[PDB]
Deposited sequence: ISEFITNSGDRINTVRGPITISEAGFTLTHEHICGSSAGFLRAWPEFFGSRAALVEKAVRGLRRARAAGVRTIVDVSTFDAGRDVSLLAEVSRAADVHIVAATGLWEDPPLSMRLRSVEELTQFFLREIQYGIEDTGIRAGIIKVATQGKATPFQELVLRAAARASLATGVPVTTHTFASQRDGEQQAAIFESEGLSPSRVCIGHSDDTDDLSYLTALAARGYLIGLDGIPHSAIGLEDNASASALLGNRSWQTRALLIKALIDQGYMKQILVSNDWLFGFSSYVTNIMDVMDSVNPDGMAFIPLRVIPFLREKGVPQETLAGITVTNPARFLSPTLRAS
């Protein structure tokens, strides 16, 4: 019959309003303060807003209703930008706290207790002076965790336990980062069902993925359209996007389904509409690869899996119900 609230950049929404949800996206992958200090890098702020609003309208027309922007502070998350484009496009956006790959000195020097207070601040009080409350915590490793990355993982688990909001991660999938991340989260008493091990489609190792899924972890197959096939002459695009086909990444979805782990899958594009933390031309290159942007999951991956025999009701469970269970906050500890 019933087919609690999630915080978005426009306020609370019910779990039913979330609908088709892309769990790992970015409006703009940047650096803290950068969009405000140098909007001309993106053409203009107004150009970036219009480009993002068109992109979100394209995804909405394909059925997307919510995206989770997993841009942290140090990824240059600007929640006022997310709020504006969410209003104009009528697509819900969940904002993130946490820390990504590029913390500044003022973060890198902090204690696990201090990082915990920062993450709690952005969840419980709001981000900057906007009142917008984060609905997920993003963390990152790139191989074995640095000492600071450990602190971030522990502060994230402690913030998650105190607030009920879930944790999503960036991995070097080929290095099986998810195993160490899981070990640290579990040492903090975090439930695996509140953790998504992200960028897991970057690897073909199914024994690694199914082992985490069997432990209750969510498996983020979140970069399906990332591929430099056809751009072999472009070293920067090839290093970023990899030489594995979108079809190859997509078949991991079906492989997890066939092995019984449908309930552990999350799917996304890991797209963006501006991109300043890499080489200068990279957004233009990615847009030439995938004009559909965030609409790639519903317009290309769903019809692909449907013809391989995956039932629509299974795909709806992965893209609607699974994110809903992920993002719905659990009870606060104590």
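What are the missing stretches of the deposited sequence, listed from start to end? That part of the chain that was deposited but carries no coordinates is 4-9, and nothing else.
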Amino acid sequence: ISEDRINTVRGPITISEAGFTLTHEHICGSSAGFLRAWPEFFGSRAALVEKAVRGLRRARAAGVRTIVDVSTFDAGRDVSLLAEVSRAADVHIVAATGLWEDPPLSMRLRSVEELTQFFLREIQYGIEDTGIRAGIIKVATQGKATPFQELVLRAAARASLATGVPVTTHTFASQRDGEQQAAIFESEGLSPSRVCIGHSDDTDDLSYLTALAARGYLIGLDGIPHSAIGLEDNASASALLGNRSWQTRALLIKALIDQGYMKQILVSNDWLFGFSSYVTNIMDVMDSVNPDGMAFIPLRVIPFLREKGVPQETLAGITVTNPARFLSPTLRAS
From here on, numbers count along this sequence of modelled residues.
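Entry-level comparison of average CA B-factors, 303-311 and 269-277, reporting the higher stretch: The entry gives the higher C-alpha B-factor average to 303-311.
Taking the mean of the C-alpha B-factors per stretch from the entry, tell me the winner out of 207-215 and 92-100. Averaged over C-alpha atoms, the B-factors run higher in 207-215.
When you compare the CA B-factors of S71, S238, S193, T169 as listed in the entry, which one comes out on top? Result of the comparison over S71, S238, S193, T169: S193.
Out of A75, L81, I137, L251, which shows the largest CA B-factor listed in the entry? Of the options given, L251 has the highest CA B-factor in the PDB entry.
Is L161 in the lowest, middle or highest third of its chain when residues are ranked by C-alpha B-factor? Highest third, going by the recorded CA B-factors of the chain.
Consider only the C-alpha atoms of the modelled residues in this chain, order them by B-factor as the entry records it, and name the third containing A173: lowest, middle or highest. Answer is highest: the recorded C-alpha B-factor places it there.
Against its chain's modelled residues, does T14's Cα B factor rank lowest, middle or highest third? Ranked within chain, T14 CA B lands in the highest tercile.
Relative C-alpha B-factor of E122, binned into the chain's lowest, middle or highest third: CA B-factor rank for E122: lowest third.
Taking the values exactly as deposited, rank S111 by C-alpha B-factor within its chain and report the matching third: lowest, middle or highest. Ranked within chain, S111 CA B lands in the middle tercile.
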